[PDB]
Amino acid sequence: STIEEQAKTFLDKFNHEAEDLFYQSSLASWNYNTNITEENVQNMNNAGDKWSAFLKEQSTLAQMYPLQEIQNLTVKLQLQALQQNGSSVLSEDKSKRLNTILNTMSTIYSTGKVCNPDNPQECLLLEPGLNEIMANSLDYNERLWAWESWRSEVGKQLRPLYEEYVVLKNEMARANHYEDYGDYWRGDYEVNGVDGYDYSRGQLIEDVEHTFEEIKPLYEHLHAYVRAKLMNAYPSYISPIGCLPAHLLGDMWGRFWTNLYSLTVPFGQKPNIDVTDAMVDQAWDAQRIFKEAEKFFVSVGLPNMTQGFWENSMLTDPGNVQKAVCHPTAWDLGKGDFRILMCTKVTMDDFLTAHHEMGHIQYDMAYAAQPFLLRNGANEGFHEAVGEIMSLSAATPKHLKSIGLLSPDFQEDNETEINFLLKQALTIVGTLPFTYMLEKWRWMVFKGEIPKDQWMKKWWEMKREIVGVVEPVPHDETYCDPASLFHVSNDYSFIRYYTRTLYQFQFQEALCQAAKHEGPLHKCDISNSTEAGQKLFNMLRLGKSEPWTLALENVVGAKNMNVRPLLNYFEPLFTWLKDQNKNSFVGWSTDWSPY
Amino acid sequence: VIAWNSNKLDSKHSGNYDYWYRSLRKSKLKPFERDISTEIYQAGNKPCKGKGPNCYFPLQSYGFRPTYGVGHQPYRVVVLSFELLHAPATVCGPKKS
């Protein structure tokens, strides 16, 4: 018996109990999310502890199989995934300290509150008040005050713990045969041992920088247009050549620019295409929406939903009888138990969210043939890319007219197309340079290039150089601004959004070549097209058994990532932006507010 | 071969561990052969003396649950084997009168 047979036997013996414990943990999490009770919390905690102990034991016992004597890629990848001990390789004291720091940062981020200066007892919380002020308010004082309060809450009282957290993560990465935590996160992008499909961590950075440099003109024109539009709404505040303030970006951190659509719409004289009123008049419900989505997914050649899905998914808010959380997320309990938890209502946003969740469930069912150690997409961005392209295909006017929501005599003009493209640019493209800058700053912090006392200075310098956001209030080195981010304070990646955006654009460029379509790219619809459905299913069923480069080339025909699909998609908007900025200043000056 | 779904018969809450299956053995089984051996499968050259490296239990439990998918529900399978040995045919089908 060779080493390969022993490794296969170990994997076959381990995957059964792995799937069993994963299903147990998923059922515990579902019972916790559907009914918040002490018993459910205790059961979920016990299941998580058992799962962590099982993972630690399996990672400790899996060290007996060498990686140099494995000729099969499917077994080698699973062995490499099992050998990674994760956070369980550190000592007890260091692990307890890291967990305490994580819990402290989570409690600080969750308990973020903004109080009035006149009344210290009168305070508010993030979601209902701060988002409403930053999104649906036109007052310069209230928004700036709320932003300054939120920036002062998370800050100097968190950096002494954040630095120790970074040090512990670097030690953990060095313990797992990595140079730093950045290389540990980029380990999923590295591919070795494949003829003509190798990939390095530096190649990813080079490709991201090249895509950013190619998008730079479009983002510059978009920023110039947003500045010219906001200059009239806020006189004597928006600089004509300087950067834009952070509190007027329509977001607490400047991530999304969708909230500025109410003030930057070019053709607001006519309402945008919305099927909410149609569903209200027709008295539809979540069941009809899910049935239409199922018919749409079946019409392209994908298998229909299982019976347990319709018999176990909570597609309707139960009310006060159950303490359910209205947070739409994909649930994959395993062994054919696919569920969806979402409080779907009669709205277009909920329609797109339900389509995204059904696309995620279809992907999970697609890569379900692979073992438990490979039950995942080719990368951390394939799921969101598939969901977004499915939502875009469903949001097409032809599909809306076919499903009976729009009248057959409905027409579309260029103004609606320009408005839709501007909305999509503010929603997706608005967060790309910020994502790039945040990821580069975090990578440089992990590399140790900025050791002690140049974090905030270089952070704001790169921010004004890339995104172009001027400081509305003088800061210093103690105010750790990146620590207030959701993904940074909770140890989550941020470049995954850029990767899924690239994958979405590449899939939109690729799949629309086979399906019959005439006109622009945003009107592409893959409904009733079995060819594109089969071409997509040939890649969705691959899972993690093959590198992401081969799976991407099997769809777009390219061995590397590309950004030209985004330019071809936004060319109708880019031309209008050039025509509007022809008589306006282009660019932004980094010299403003000499504090 | 006769098989039918038994989801409402063989399923049990918190997993029905009453059913097991053999996934590891030294060699393939001959047709019409039965073996209920519970010896630990030796996957290496080292002598097997207990649970540990290169020594895994060959029997695994299903754990049927009612919330599983259609592919994981318990299915009772009955295979009818007919013998045509040199002997009087004592078994026959029904005859209508």
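Note: hydrogens, waters and symmetry copies are ignored here, and every other heavy atom, side chains too, is used. Per chain, numbering begins at 1; letters A, B, ... match sequence-line order.
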Segment of B:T67 engaging chain A (4.5 angstrom heavy-atom cut-off): both
Most heavy-atom pairs under 4.5 angstrom with chain B, which of A:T306, A:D20, A:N312? A:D20
Under 6.0 Å between ring centres, would you say that holds for B:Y68 and A:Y23? yes
Heavy atoms from other residues, nucleotides or ligands near NZ of A:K323 exceed 12 (cutoff 6.0 Å): no
Would you say CD of A:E311 has more than 12 non-hydrogen atoms from neighbouring residues, nucleotides or ligands within 6.0 angstrom? yes
So which heavy atom on A:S1 is nearest to which on B:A43, and how close? CB-O, 3.7 Å
Using the benzene-type ring in the case of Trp, are the ring centres of A:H16 and B:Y62 under 6.0 Å apart? no
Spacing of OG belonging to B:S23 relative to CG belonging to A:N15, to within rounding of 0.5 Å: 11.0 Å
Do other residues, nucleotides or ligands put more than 12 heavy atoms under 6.0 Å from A:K295 NZ? yes
For a 4.5 angstrom cut-off between non-hydrogen side-chain atoms, does A:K13 reach B:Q60? yes
Check each atom of A:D12 against the heavy atoms of chain B and say whether the ones under 4.5 Å are side chain, backbone, both or neither. backbone
Checking B:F57 against chain A: side chain, backbone, both or neither under 4.5 Å from a heavy atom? both
Enclosure of B:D35 CG (heavy-atom neighbours >12, cutoff 6.0 Å): yes
In terms of heavy-atom proximity below 4.5 Å to chain B, should A:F309 be classed as side chain, backbone, both, or neither? neither
Less than 4.5 Å apart, side chain to side chain, heavy atoms only: is that true for A:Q24 and B:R65? yes
Side chain, backbone, both or neither: which part of B:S61 has an atom under 4.5 Å from a heavy atom of chain A? backbone
Below 4.5 Å, heavy atoms only, C-beta onward: do A:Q307 and B:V70 meet side chain to side chain? no
Ignoring hydrogens and geometry beyond distance, is a side-chain donor-acceptor pair present between B:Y41 and A:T9 at under 3.5 Å? no
Residues of residues 58-65 of chain A with any heavy atom under 4.5 Å of a heavy atom in chain B: A:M64, A:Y65
Is the number of heavy atoms from other residues, nucleotides or ligands within 6.0 Å of CD (B:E33) greater than 12? yes
